[PDB]
There are 2 protein chains.
Amino acid sequence: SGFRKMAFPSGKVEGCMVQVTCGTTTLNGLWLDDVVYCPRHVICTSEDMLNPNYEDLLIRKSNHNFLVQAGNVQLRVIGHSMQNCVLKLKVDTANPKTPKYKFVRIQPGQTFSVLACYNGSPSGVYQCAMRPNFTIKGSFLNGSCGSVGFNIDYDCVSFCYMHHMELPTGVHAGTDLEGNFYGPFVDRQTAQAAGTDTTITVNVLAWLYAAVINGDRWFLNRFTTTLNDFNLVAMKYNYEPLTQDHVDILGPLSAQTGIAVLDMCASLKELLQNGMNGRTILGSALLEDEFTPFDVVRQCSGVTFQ
Amino acid sequence: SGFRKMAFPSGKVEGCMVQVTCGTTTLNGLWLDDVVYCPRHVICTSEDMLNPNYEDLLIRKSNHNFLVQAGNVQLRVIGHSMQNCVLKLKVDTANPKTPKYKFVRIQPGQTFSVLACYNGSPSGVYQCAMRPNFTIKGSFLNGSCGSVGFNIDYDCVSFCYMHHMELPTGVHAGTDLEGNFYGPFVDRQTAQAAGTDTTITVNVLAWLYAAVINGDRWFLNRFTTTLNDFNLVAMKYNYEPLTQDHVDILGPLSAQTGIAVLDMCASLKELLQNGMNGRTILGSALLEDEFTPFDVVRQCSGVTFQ
Ligand SMILES: CCc1cc(O)c(Oc2ccc(C(N)=O)cc2F)cc1F
Ligand SMILES: CCc1cc(O)c(Oc2ccc(C(N)=O)cc2F)cc1F
């Protein structure tokens, strides 16, 4: 019993974290096979983050300008290239701790674990979601760039995020492992403001099913609704519109608990219109939206990883 | 910026998790050097959890009755002994992934990371606190027994919890790694109810400092108070009494933010008496008490682990 914000085991990713230093800038890199991936703004100095021309800044960089340190050993850089907003540093040693892995570009609403690192050393792990405005609400300080977000399916690590920037509002932005930013953000210290932080409706519903499974049932009402009628309420509270795809994805949780998806929507509707009246759900006083339906099934069924 | 429920990197502990099977019962064990630690109720059957006599049940067990599997390899058990509520299974192979480690019995209010496991395979990691009633609010399903809680100080893993039981109320109980239960709980399926779940006052205050550091300052009032006057409010809301030791421990956070500890107490007092009026603090609608002062400093300063 009990439901917690749960991250994947980070050991497979810890063995891939290295320290990359260019000039006086040090951040983290990801060492997979014989390539080290890191944010391209490692080549930037302080005066340059306002308006960097990365192509021009890279002309003055050779392989030996990139210092890559794994633990206490220096990796030999034998080639380097820029792919979008990441650099790929070819090293002469394949990472012996390389796990089975994929590179995935996730959709908004999807969750992943972040291994926060500093100077190539892991500091902590927590669970994140890609917000609908393509930011993430993480915990990152100076030097955390290059920290990655990932999912694990048994023995395969799916890397989906690399941390690049912190916006003036305290939220965070980054790229996939191909170097393409999530959302409209750029690796420049400029005026870029995040859009509306809408709530991930399907995730709240999943979390409500998780609450029912674990004994929190006070919010179950006597009402039902339709997708169109619920979405009229979702729009007012800046909730994502619920689609039939979302209903379908919640099928398994609906079947296990015997509560029709549209019944749970009517329960959510009452919670949005009347608040929680000082009660709590799974130890929270607000509606949680960073659990996916698959996360709930995983944690309520005990899926492991080899 | 940003403040998150953050667990330690679990890689050092993942390499120690094994599967222990006795008869038809399978749970998790912790393999350090040439000893495997696991809950002693691995030797129990279903009819036996009501009133087990472990000394008698152990008489019918030999070394070869304990099947210990690390990954896909069978470990050779060459000795076994019961220490309080854990079994120590001497194996003939030292764990080559053994990290620097200690065994620590933590105090209530202290936090730690849990590596939830099933069949010796890690499933996820999350942060927990030892509640003042000596329970923990975890996420454990059948087969999770033997999962451990731990802290890391750079390169030393301090193991402080092994999971044993789930109470009828959905909370969790366990032992230190010497086999002594936290609180009055026993490894028997009996009537044992948890006491008052009081709030860890010093941890809430630490978390309020973390909020100030990250830009949430609306709760800062114009008032101050005394320890005795604040504690009169703490008692009403089932808060731990604050002591001078607690004030001293908050010194560093007080100095960094320039807010006297007793000023922050007066802010907490107003929050308890008037609620949050629908606002949030660090993304929460309730007062969080599972961050220690040391946790806040760690996450706000970027401490790493080698
Ligand atoms: C030119 C691109 C660029 C380079 C930087 O080095 C940079 O610096 C930071 C990045 C992230 C954080 C944080 N806390 O996540 C803090 C930082 F100072 C920002 C930035 F856009
Ligand atoms: C005789 C001692 C004993 C043996 C058990 O095997 C047991 O079983 C469970 C333990 C923990 C959980 C959970 N979800 O944490 C679930 C369980 F069924 C309980 C118990 F007291």
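Basis for what follows: all heavy atoms, side chains included, without hydrogens, waters or symmetry-related copies. Throughout, a chain's letter reflects where its sequence line sits, starting with A, and its residues are numbered from 1. Every number for a ligand or one of its atoms is a count from 1 in the order of the listing.
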J.: Of the backbone atoms (N, CA, C, O) and the side-chain heavy atoms from C-beta on, which set of B/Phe185 has a member under 4.0 Å from an atom of ligand 2: side chain, backbone, both, or neither?
T.: neither

J.: Give the atoms of ligand 2, by number and element, whose distance to some non-hydrogen atom of B/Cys145 is under 4.0 Å.
T.: 10 (C), 11 (C)

J.: Which residue and atom name correspond to the protein heavy atom nearest atom 21 (F) of ligand 1, and how close is it?
T.: A/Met165 CE, 1.8 Å

J.: Under a 4.0 Å heavy-atom limit, does B/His163 contact ligand 2 with its side chain, its backbone, both, or neither?
T.: side chain

J.: Side chain or backbone, does A/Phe140 bring an N or O within less than 3.5 Å of an N or O on ligand 1?
T.: yes

J.: So does A/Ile136 get a backbone contact from the side chain of A/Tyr182, meaning a donor-acceptor N/O pair under 3.5 Å?
T.: no

J.: How about atom 18 (F) of ligand 1: does it have a protein heavy atom within less than 4.0 Å?
T.: yes

J.: Look at atom 7 (C) of ligand 1 and find which of A/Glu166, A/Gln192, A/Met49, A/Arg188 reaches it with the closest heavy atom.
T.: A/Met49

J.: Check the orientation of B/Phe8 and B/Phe305. Use parallel for under 30°, tilted for 30 to 60°, and perpendicular for over 60°.
T.: perpendicular

J.: Please identify which atoms of ligand 2 are closer than 4.0 Å to at least one heavy atom of B/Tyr54.
T.: 1 (C), 2 (C)

J.: Short list, please: which atoms of ligand 2 are under 4.0 Å from a heavy atom of B/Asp187?
T.: 1 (C), 2 (C)

J.: With heavy-atom distances below 4.0 Å as the criterion, list the atoms of ligand 2 near B/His164.
T.: 10 (C), 11 (C)

